[PDB]
């Protein structure tokens, strides 16, 4: 018995659509937030800073009884060293084990899983915290997460207008050119968020790039970047003013610079909202701080492995 290897291509083929991840993900998020009865054993992510290379190794193990899946995702991301750069990308790989045996069943690309699963979770949050009538969508960033998010948002919702802003203008244009559907390339984040109902922040910025003073009251913001406790994408007033929702409180309190450096108070976990124990103040300016959780990779890894296994 040797572990099977699933290429990125083989994964894209058994996952195929991230909008299909929504249901199993809503379940996982709810189960994760329903404490022990939820069946998910997820310790907070551990990060190993590889300081001499300005990078980080993240390990995300999880067991979920509901679908009886035992996995662990390992990720590596290296700091932006400035605009002309040249940095190595986010890299992930997921390992799936036999829950009863402990045998390593498969090692698979985690890049597409990470792309698709993060976008799906943001979509779930948006479908819950998005305000009454919700016309304009704004995306800050133009990397892997930008595309995955755009893909599922245009599929799951209907925006009269979609905007994008990127520190490097040429990439925001490349984005608008390669994506299906029209997108307005903006030259400043304040122009991009001007009157925006839903905003998505997926950058590698360490200092605030979105200031609450530019945000339209009641807008929902998916804060996906800044997964270190000394990095920020949002301002103190945005963090101050808005009703804060996260995927995991323990994770936020350990990894979100935006939550920590601002001293904002966590209102609830997305899982709580999904199940109904916490209210969705979608009429108020909301912020969903996403850090990523092991169980989210578990449900995906599982789905894929079964699909793969079927042949």
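Positions refer to the first chain, counted from 1.
Remark: stretch with higher mean C-alpha B factor among 67-75 and 215-223 is 215-223. Comparing 56-64 with 241-249, the higher mean C-alpha B-factor in the PDB entry belongs to 241-249. Note on 203, 114, 93, 101: the highest value goes to 101, judged by CA B factor as recorded. Within the listed group 87, 144, 164, 123, the record reports its top CA B-factor for 87. Ranked by C-alpha B-factor against the other modelled residues of its chain, residue 149 falls in the lowest third. When all modelled residues of the chain are sorted by CA temperature factor, residue 273 is found within the highest third. Among the modelled residues of its chain, residue 97 has a C-alpha B-factor that falls in the lowest third according to the deposited record.
Compared with the other modelled residues of the chain, the Cα B-factor recorded for residue 282 ranks in the highest third. Sorting the modelled residues of the chain by their CA temperature factor places residue 35 in the highest third.
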